[PDB]
Every structure is written in C-alpha cells, then in structure tokens.
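The chain that follows stands alone, in the form deposited in one PDB entry, written as structure tokens.
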C-alpha cells in the first residue's frame, strides 16, 4: 500500500512540475525568434529557459535540499539535458513526430533540430526515445517521479556523497514501484518500472551523444557565441 509519506512525495512532485512547466508556453515569445544554424539562437534560448525550470523543479524534490551545494550542482549539470528531453515529451506529438508548443512558429521538427546543428546521430535516437516514452502513456504522477529519479542519480560524474544521493533516490524509486502496483492498472502496468528504468539508460546514451555534439559545435567560437551564458556554464565549464 502507498504510505502517507509516499503520497505526500507525489503531491509535492506534481505541484513542483506545475509551478515549473507552463503548458501555455507564453514565455517563448521572449526568446530570439525562430528562423527557417538558423534555429540555434531560438533553440539555445529554449534550452536555457528549460534549464532554469529544471533547476526550479529540482529544488522542490524531497531530500534534495539535504545535499551539499556541490552535489546539487553536479547533479543538475549532468542531468539537465536529460530532464529537458524527458519533460519535453509533454510537448511532443505522435501525429507530426514533432514537438508542439501551441503555435506553428513554436512547433519543432527534425529539420529544425538539424538547423540547430544536430546530426541524425543525436536526433534519430532522440525521436525513438520520444516515441517509446509516449507509448508508455505514463500517469502524470509517474512522469514527475521519473524526472526526480533521473536528477538524483548516485553514479553521476563528480558526486561527493553517493550514499546520501542513493538514499534520496531509493525513497523516490520505492514510491514509484509502489505507485504503479497500487494505482496503475494492468495491462499498462506490466513491466512498467523496468521499462521506465530502461528509459533512464536511453537518456544516458542521449546525454553522452549530446556532449559530443556540443563539443563539435563548441569548438567553433562563432557558434558558441550564439549560446546563452547558462548553457555555456552547464555544458561548458
């Protein structure tokens, strides 16, 4: 059965996502306009804005505060791109195979990403990942728990206090496992926790691929200038 603390955790995670994710996408106006590396300025802005929201969600996560400032920073730096890919799915649509943000201008497709300077090597696994995630058809409760588990991972590069990080994650993991049995009906439930954890492995690969893609883009200064200072700090540095 789902313990009150577990229910408490879920309620917090939902509210935190609600605070940090605006389904109206009204802030997108502020970004540099999309041009159809024409897309890089607009996408760099979207990514940077997203990093800010991922941080805001991360603070909300139970037990996250208890971590030392250095461990919090390493966790965000490594996980930020993965969370953006994970969170981005709410936008993502099977019909177009594109991320849809309520306007044609703000609807993003493979050629747009490519215009950002990303090769199919990143993009193709990315779209399959989006497709597989959508197929899971997770409860919002599951979606928010998965983002929280992604962030608080003990094997992230630079982690000081893995045991403490592992302890925060396990409580979330146990909440997820217990939620699915209690609140997710068969046949959707079948092998759901394992499928979700497989998505986290997919994400590590995507992150590893993204880094190589960033490094190639990064190597040229003129391309680097287009990025935001947050983006340079999180991925560079």
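Each form is matched to the other, and the largest set of C-alpha atoms that superpose within 1.5 Å is called the rigid core. Positions refer to the first chain, counted from 1. Shifts are known only where both forms have a C-alpha.
A chain break between residue 36 and residue 37 is present, corresponding to 10 or more residues of the deposited sequence without coordinates. Stretches compared: 73-81, 96-104. Higher mean C-alpha B-factor in the entry: 96-104. Higher mean CA temperature factor, per the PDB entry, when comparing 114-122 with 141-149: 114-122. Ranked within its chain, residue 50 lands in the lowest third, by CA B factor from the PDB record. Split the chain's modelled residues into thirds by C-alpha temperature factor. Residue 168 is in the middle one. Among the modelled residues of its chain, residue 63 has a C-alpha B-factor that falls in the highest third, as given in the PDB entry. Residue-level temperature factors show residue 209 in the middle third of its chain, judged at the C-alpha atom. In the PDB entry, residue 132 places in the lowest third of its chain by CA B-factor.
Absent from the display: the form deposited in another entry. The rest refers to it.
Core-based superposition between the shown form and the other one shows that, of 171, 195, 53, 184, only 184 has its Cα displaced by 2 Å or more.
In a rigid-core overlay of the protein, residue 228 has its C-alpha displaced by under 2 Å between the shown form and the other one.
Once the cores line up, the CA of residue 212 ends up 2 angstroms or more apart between the shown form and the other one. Cα of residue 99 to Cα of residue 188: at least 3 Å longer in the other entry than in the shown structure. Residue ranges 183-190, 212-218 are the runs of 3 or more whose C-alphas all shift by 2 angstroms or more between the shown form and the other one once the rigid core is superposed.
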